[PDB]
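Just so you know, we're using the deposited numbering here: the sequence shown kicks off at 11 and counts up by one.
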Amino acid sequence: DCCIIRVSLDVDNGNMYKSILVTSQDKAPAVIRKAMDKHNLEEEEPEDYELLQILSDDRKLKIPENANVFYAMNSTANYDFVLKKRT
């Protein structure tokens with residue numbers, strides 16, 4: 011099992027930055043961390059920054075900890091995720 015997802019930043023620019031391959035075993039709060047980790051923000055906590063799915067300029071879904079990636083991700087339109095600072 012695997013899924014291909016895209017990650018983009020609020021902090022610098024979006025559209026496409028890097029892609030992460032996720033399995034069903036690795037959970038969304040860990041991916042929250044992994045994707046920001048992968049953007050080198052290993053030292054910062056999700057307590058400040060958090061991750062959002064972007065489809066196409068309207069329905070944009072914030073991705074929290076209790077949601078499974080495999081379920082919270084859409085596949086249907088665009089699989090982009092943006093990490094945003096909420097502080």
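Beta carbons are placed, not taken as given, at the ideal position from N, Cα and C, and that holds for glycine.
Look up residue i in the DSSP assignment and say whether it is helix, strand or coil.
i           : result
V21         : coil
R16         : strand
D90         : strand
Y59         : strand
residue 184 : With the chain covering 11 to 97 only, the question about residue 184 has no answer from this structure.
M83         : coil
Mind checking whether residue i and residue j have CB atoms under 9 Å apart?
i   : j   : result
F80 : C13 : yes
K72 : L61 : yes
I15 : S29 : yes
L65 : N84 : yes
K95 : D22 : no
In the DSSP output, which residue or residues are listed as bridge partners for residue i?
i   : result
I30 : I15
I64 : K70, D90
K95 : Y59
Quick test of the definition: if touching needs 3 or more C-beta pairs under 8 Å, does the stretch 71-84 touch the stretch 37-45?
yes
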